[PDB]
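For reference, the chains in residue letters:
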Amino acid sequence: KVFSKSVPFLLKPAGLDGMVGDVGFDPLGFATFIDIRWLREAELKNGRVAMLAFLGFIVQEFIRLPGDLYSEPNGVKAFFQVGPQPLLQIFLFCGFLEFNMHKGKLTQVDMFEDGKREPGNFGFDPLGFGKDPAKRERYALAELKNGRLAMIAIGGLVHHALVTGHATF
Amino acid sequence: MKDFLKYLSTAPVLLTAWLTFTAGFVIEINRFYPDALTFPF
Amino acid sequence: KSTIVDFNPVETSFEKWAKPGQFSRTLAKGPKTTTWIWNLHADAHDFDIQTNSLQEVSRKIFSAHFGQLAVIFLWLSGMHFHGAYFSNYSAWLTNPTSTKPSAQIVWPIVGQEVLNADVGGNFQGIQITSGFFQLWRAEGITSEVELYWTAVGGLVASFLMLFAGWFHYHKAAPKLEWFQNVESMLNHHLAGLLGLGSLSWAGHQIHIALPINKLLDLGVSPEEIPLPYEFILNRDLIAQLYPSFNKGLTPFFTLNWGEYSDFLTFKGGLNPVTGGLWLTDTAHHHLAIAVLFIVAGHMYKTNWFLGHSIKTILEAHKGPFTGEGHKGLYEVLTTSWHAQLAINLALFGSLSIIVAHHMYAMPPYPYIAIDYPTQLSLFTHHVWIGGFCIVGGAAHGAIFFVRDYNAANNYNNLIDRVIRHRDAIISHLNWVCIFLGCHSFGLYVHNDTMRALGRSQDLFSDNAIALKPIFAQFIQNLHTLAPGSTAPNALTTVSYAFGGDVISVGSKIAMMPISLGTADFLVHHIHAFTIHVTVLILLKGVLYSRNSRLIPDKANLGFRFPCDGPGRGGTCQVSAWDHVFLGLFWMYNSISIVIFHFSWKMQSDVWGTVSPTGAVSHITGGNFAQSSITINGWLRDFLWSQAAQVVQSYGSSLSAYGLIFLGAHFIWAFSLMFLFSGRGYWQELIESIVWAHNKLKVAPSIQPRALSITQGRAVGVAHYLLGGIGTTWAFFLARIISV
Amino acid sequence: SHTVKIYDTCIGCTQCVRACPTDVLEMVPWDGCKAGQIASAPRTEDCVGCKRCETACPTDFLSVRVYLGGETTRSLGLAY
Amino acid sequence: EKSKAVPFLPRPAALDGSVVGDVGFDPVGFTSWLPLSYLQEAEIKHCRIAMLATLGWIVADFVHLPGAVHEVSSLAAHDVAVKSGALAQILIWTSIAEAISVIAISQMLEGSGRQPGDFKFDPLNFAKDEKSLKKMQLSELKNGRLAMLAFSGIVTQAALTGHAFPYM
Amino acid sequence: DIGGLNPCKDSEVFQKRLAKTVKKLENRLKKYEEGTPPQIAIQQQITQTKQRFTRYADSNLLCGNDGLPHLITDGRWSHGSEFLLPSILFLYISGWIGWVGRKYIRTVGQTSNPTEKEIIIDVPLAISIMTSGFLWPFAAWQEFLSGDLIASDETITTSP
Ligand code: CLA
Ligand code: CLA
Ligand code: CLA
Ligand code: CLA
Ligand SMILES: CC(/C=C/C=C(C)/C=C/[C@@]12O[C@]1(C)C[C@@H](O)CC2(C)C)=C\C=C\C=C(C)\C=C\C=C(C)\C=C\[C@@]12O[C@]1(C)C[C@@H](O)CC2(C)C
Ligand SMILES: CC(/C=C/C=C(C)/C=C/[C@@]12O[C@]1(C)C[C@@H](O)CC2(C)C)=C\C=C\C=C(C)\C=C\C=C(C)\C=C\[C@@]12O[C@]1(C)C[C@@H](O)CC2(C)C
Ligand SMILES: CC1=C(C/C=C(\C)CCC[C@H](C)CCC[C@H](C)CCCC(C)C)C(=O)c2ccccc2C1=O
Ligand code: SF4
């Protein structure tokens, strides 16, 4: 028996072999009954959204926009003060982005049905970082780790605002 | 735990779990926002 | 390698949990139509068709009994836990006559918190009609901590019974010879179970319930009453209430049992303080029952040259009119579980009905006679359980006749001779049923039409043509004269229902002489007629379960089959199951009439309030005597009149009873769709629905089929019973809680 | 008496004949199927209409068909 | 035959010699109908939990964390900690650890090779070869049993008599 | 206004109903003692009743002559939160349920044992299909266009 590298008292999970964040961490075996490509796509998207949202917290409490609506240093209270109209526009824009970036196939059964789709690979690289394949793997691992850390931190900041109410500081 | 998970995948257990979860979130919506006669918006 | 058990017969594995229908040879292949799903549950406990060995069936039955007892223990633990945590038992103890027992509080969701009623004692909740508070008080339980510990013990016992079932199916399963030791089983169930349970309960009553309840009746608050264990460690806390414990057990071993007359009395009547039976009388009763049952347990020969053989007893009881007599009955009852189930279920339902009668007749718990909802609920529930169990006993007798009956082994015995003249039995029972129905009901209809025609002197009433139940009144007179004449050591009659004084607790009547007039004559004959018709249906099912003039090979079609075909003019419902279906309907009718008679008679001529000068005013006002003799009277002065509380319960704490009233009406009417219709129409409608699904590519692989004819009948009867019983349940509960 | 008809979809599996409770059906030689036999109904006067014959028929929509008709003490199953 | 612990009782027939802390003590034959690895895991879990619990009870009756909520005796600390939510955090993280334990014990029972109670948690070494590991396993088992009995006595005495650290 | 109804904010009978309910609840509250849980529960009932009546008053709700909110479901967007928005919400949810059920039926209908996978659900595949129902309006008007939504003549028909 091999046993996992992360959880040393557990057997090595299956389906994670050719990935860019494999430390053998899957005690519940989510990769066995869920497609690993979909799981990586979801992890990357959740991580990127969490990173953007954490940066949004830190900037919102600091900078903010001119106007009476955009005057709440607290993100949770800003979600309510801003009203539904600005939020629904963000929702529709995110939907438009989702549709055009995945080119129609948006669901768990439709995406990766034909393969030829690296999980999380939207081809988005205008600044050109990533031409060298040597640093590409390191960049992918850094993105994954930062995304996970940002998921934890996004939960932390949101719940700090809920239990205190003032801000993050 | 290979056949136990298959037993939990049977129609009665899955229907009971799904209906319990469904009644649960319905009851909790009606607890946190009670007496909702019209759409909140 | 024990001689009674087999070790590790079945492996404890989850593999068969993932293969539904593995027990059945036909269902194991997997579902092809939706009929497979229904067949899966209809054959789950039919262990006879799952194995060909009586040993395996017996082991499955034994483990199923353990599972059932674990379920019962869990239910009891839940009841005690609710009494401990979600009840006003402590408040009810200090004010039994003014606080309504409640042991279930309702969460505040969707406005349902209105169900939390003003039961009293600074408590809100649902009023409890199961009488647990009175039972706990009779047990001497004076604190909710004791209820919590009883609940914990119940949980432990339930786990123990679950473990016992698992152990005796998978680790050490008894052999067939162990199960067939009916002599040993009877000896143990009679001495150990019954007698030693009575003895242990007598000990508990004498040492815990007798002193604690005596202190409670004396006015001592539950907080200053000593803890129950102190009544055992200290022979002076109990010797003050009963000054006979000072002599210890010496009077018992010296045969001077007269010294124990302090706490082993024979009084009769009711306790004037609580309205229940004297707990000293109860303890003496349980002691006598224990001795009698222990003696009765030393009857059958088990392992020594001592006792009786049931085979030799039965085989010696022949006669000129009965041929071989009881020869072969021992083989029938030791090789067929269905025959044992028939006898046990019939006698068990009859026992439940007898219990229901003796409950209200002689209230055995403190402050339970003045809790009218508890009395009504207990009587109705126990009578319903008795009727259901009796129908089940008839059903399993029919099942035994179809399946486990061997013609060769029963040559010219009682079973054979009964089948040989089944025609005579059924024809005479038919004539008796027609006679009884004609008379009882047509006397009712004659009263109704005489009243409708303005001829009040032509009725079958007391102020008219009178049918006095003289035989029952003679018995009532004999019982009220028994103390001092035939029961010379009695101080009071067994029940005040036979006659005597009005017993009131807190201005509420506990018991009172139940007068019998022409109204009781008619309703008693209605009871006899309904019981006779139910017996007719069930006995026709049992006797004609194997063959008939219509179908000479009905036994080859099994116990459960819809018909033999449209031929012979139509052979619907010829089974024996279709007789347990019709008998279920008629049992519902009979029990409904019985509980209606009880409710109206008690409310009109027993229950009520007593004025300080001794004037008795009842709940309804004595309208039973003159208005229960016509069907219009039953419709108006009982149904319409006492349904006022149910229909006016909306917005109050009894609104749940109105909702259940309406829902039970809905379910009862829903049943008629299955009872009146047939399978072909529903199959052909499912055909068009399946066409639509196929048109939308959503037709299930498991082909949807309409419920089988037998299952359609079963669904119809189940819904009918549920709706009717629920309607009566809501009506009774709302009416008797409001007033 | 009821009417019983046999149709050439008969596969000669004999399940109808051995299910008749009143000896109405019988197997007769034939050349329209592999078994070389076809059911016949030469004693329909004893037909009771119980339709056990077509409950045992394996062919798609039956090869033995029972049409209920005039009633008789034999067809009504009257022992009296 | 003739188990070491109870010399007049037969050997439990499931504990020959190949388990740490195996003196053949199973008079009521718990090992005759339950897996040995399952019972070993349960015993080791109890040992560790009760060792932590005894140390915490004794220490918290001496040293208190800053704050008014932490100014109660260990006997009354349960109702205070549950109200403040202190025990909720322990419950959450213990539940996470116990779900991972569900996975681990399932894998151990269905093959794998993980010894009962072996989570491979060993930042320091403290056990370099087989002999040291066996000796330290025996020490852990004996200390855990002693601490289970000690916590039992501590709780029973403290509940009987509401005394401070000397629960006499 | 619409249909002769009037807003509940100006309906006297509505306020009479509120006052009567509050008075009944307070009378019930009078028979308990101090800050005991029954009094807390009755006070919560009173607070919830007042909040519900206030919300119904300030909700563009039309009340009849009985002082009860009447629903205007003719289709006008003015009273669109009474029927139209809940109608859209239910249509979305029910279309989701039907779509995931149909997709699961068609997916396990092409396996070796289609009937087995209906009493014993393939929970991985079931979860995969169920979370994909958020696009059911788009999936339906992408399968109907391709002719994959409707069968044509393989469907069975009775004799006549
Ligand atoms: C004095 C001895 C004794 C006692 C007390 C019992 C008691 C019982 N037997 Mg039993 N039995 C005995 C001897 C005894 N039996 C013998 C010698 C045989 C062999 C012929 C059988 C064969 C037998 C069968 C085949 C069945 C029973 C069943 C039952 C139960 C009937 C259900 C009932 O009334 O609920 C009353 C319930 C209670 C009062 C609960 C407390 C009872 C507990 C469990 C004590 C049981 C005593 C037990 C025999 C002690 C053995 C302990 C074990 C470690 C050896 C009841 C618990 C039936 C049953 O329900 O199966 C489980 C059943 O199907 N018995
Ligand atoms: C000690 C009691 C007892 C026992 C051990 C049995 C045991 C048995 N009976 Mg039996 N029976 C009993 C009492 C009993 N019965 C009673 C009292 C009746 C009269 C109604 C019957 C009537 C009866 C018939 C008519 C038949 C049996 C059959 C059987 C056998 C198969 C049972 C099965 O698979 O059902 C599995 C269990 C179910 C299918 C459960 C069905 C659910 C029920 C009907 C509804 C319960 C509703 C419940 C009250 C909750 C409603 C509340 C609502 C709000 C939801 C089995 C040997 C059958 C057989 O073939 O025997 C060989 C058969 O045809 N019995
Ligand atoms: C109100 C409806 C109703 C009535 C009146 C009856 C009546 C009867 N049923 Mg029942 N039954 C009913 C509903 C009813 N049933 C339902 C819903 C079911 C479904 C489960 C059944 C299922 C059922 C079974 C399975 C059996 C019966 C049997 C009987 C008969 C018992 C013998 C008897 O009393 O005959 C006497 C007749 C009456 C009491 C009816 C009223 C007669 C009046 C009062 C006296 C005579 C009037 C006079 C002749 C009128 C002449 C004037 C006229 C010509 C103008 C009796 C005919 C049993 C049977 O066959 O009989 C033994 C039997 O086995 N019934
Ligand atoms: C079974 C384990 C256990 C449990 C349930 C508790 C529970 C409690 N302790 Mg406690 N404690 C423990 C072990 C335990 N302790 C140990 C081993 C020590 C010695 C360091 C202490 C020292 C201690 C002090 C000094 C105080 C408490 C206090 C308290 C109470 C509230 C605050 C709190 O949770 O402690 C906070 C706990 C600490 C600050 C130290 C805990 C150190 C841990 C147990 C050692 C490392 C283990 C590791 C983290 C395990 C990982 C778990 C895994 C699932 C991830 C609460 C009743 C406080 C109180 O109210 O006293 C009445 C208080 O002042 N404890
Ligand atoms: C921090 C955390 C996890 C941190 C892990 C980190 C950062 C490391 C992550 C990574 O290394 C991995 C793993 C793998 C790498 O590939 C990726 C990176 C990213 C490198 C979880 C916190 C988890 C935090 C949790 C669970 C907090 C729960 C708090 C609760 C429940 C509070 C409740 C109360 O506040 C209320 C509600 C009311 C009050 O009155 C009472 C109380 C009880 C106090
Ligand atoms: C609990 C949690 C993470 C828990 C992580 C744990 C335990 C990790 C444990 C480990 O790492 C360690 C310790 C060590 C590792 O080696 C092993 C593991 C085991 C992996 C994240 C919560 C994460 C929680 C999150 C992200 C919640 C975000 C909430 C948002 C955005 C809410 C928005 C709103 O609330 C507003 C603002 C207004 C409302 O009215 C409307 C809405 C919209 C609802
Ligand atoms: C409607 C009907 C059907 C069709 C009924 C069917 C197909 C039953 C469908 C049951 C569904 C599929 C499951 C049950 C759904 C309920 C909502 C669950 C019960 C409610 C719980 C609270 C118990 C018959 O097959 C039939 C046969 C013979 C005589 C009469 C009838 C008859 O009336
Ligand atoms: S279907 Fe109904 S009617 Fe036709 S035979 Fe069977 S039972 Fe008699």
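Definitions and cut-offs
Residues numbered from 1 in each chain as written, not as in the entry; some residues may be left out. Chains lettered and ligands numbered in written order. Part of a larger assembly, values for the part shown. Heavy atoms only, no water. Residues with missing side-chain atoms left out of burial classes, pairs and counts. Near = heavy atom within 4 Å. Polar contact = N/O pair within 3.5 Å; in protein donor to acceptor, adjacent residues only side chain to side chain. Helix = DSSP H or I, 4+ residues; strand = E, 2+ residues; numbered from the N terminus. Nonpolar A, V, L, I, M, F, W, Y, C, P; charged D, E, K, R; others polar. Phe/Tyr/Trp six-rings, centres within 6.5 Å; stacked < 30°, edge-to-face > 60°. Buried < 20%, exposed > 50% of the residue type's maximum accessible area, 1.4 Å probe, protein only. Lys NZ or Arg CZ within 6 Å of the ring centre and 35° of its normal.

Method information in the entry identifies cryo-EM as the source of the structure, with 2.75 Å recorded as the resolution.

### Observations regarding the site of ligand 4
Residue and element names in this part refer to chain E. With respect to spatial proximity, 16 residues lie near ligand 4, and among them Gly56, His64, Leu65, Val72 and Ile90 are the closest. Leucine 65 has a polar backbone atom sitting 2.6 Å from an oxygen atom of ligand 4. Looking at the shell around ligand 4, the elements with two or more residues in it are α1 (36–60), α2 (77–84) and α3 (86–109). The leading source of residues in the shell around ligand 4 is α1, at 6 residues. Across the shell around ligand 4, the residue classes break down as 13 nonpolar, 3 polar and no charged.

### A short note on the site of ligand 2
Residue and element names in this part refer to chain C. In the neighbourhood of ligand 2, 19 residues make up the surrounding shell, with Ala42, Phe388, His396, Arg560 and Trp577 lying closest. Take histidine 396: an N or O atom from its side chain is 3.1 Å from a nitrogen atom of ligand 2. Within the residue set of the shell around ligand 2, elements represented by two or more residues are α1 (35–42), α14 (337–361) and α15 (372–403). Here the shell around ligand 2 gets 6 residues from one element, more than from any other, and that element is α15. Looking at side-chain class alone, the shell around ligand 2 contains 11 nonpolar, 5 polar and 3 charged residues.

### Brief notes about the packing of aromatic side chains
The geometry of two aromatic rings is summed up by the distance between their centres and the angle between their planes. Tallied over the entire structure, the rule returns 72 aromatic pairs over all chains. For the pair B:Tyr7 and C:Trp17, a centre-to-centre distance of 5.1 Å together with 75 degrees between the ring planes defines the contact as edge-to-face. Of this pair, B:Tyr7 sits in helix α1 (residues 3–8) while C:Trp17 is found in the loop between β1 (5–7) and α1, placing the two residues in two different chains. Relative to C:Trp136, the ring of C:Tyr89 lies with its centre 5.7 Å away and its plane at 90 degrees, an arrangement referred to as edge-to-face. Note that C:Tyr89 is positioned in helix α4 (residues 89–94) and C:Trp136 in helix α5 (residues 132–138), a separation of 47 residues in sequence. In this structure, C:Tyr89 and C:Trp136 share a single accessibility class: buried. Joined through ring pairs, the aromatic side chains of C:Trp384, C:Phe388, C:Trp577, C:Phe581, C:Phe585, C:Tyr588, C:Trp668 and C:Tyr720 make up one cluster. Positioned over the ring face of A:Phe122 is A:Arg117, at 4.9 Å from the centre of the ring.

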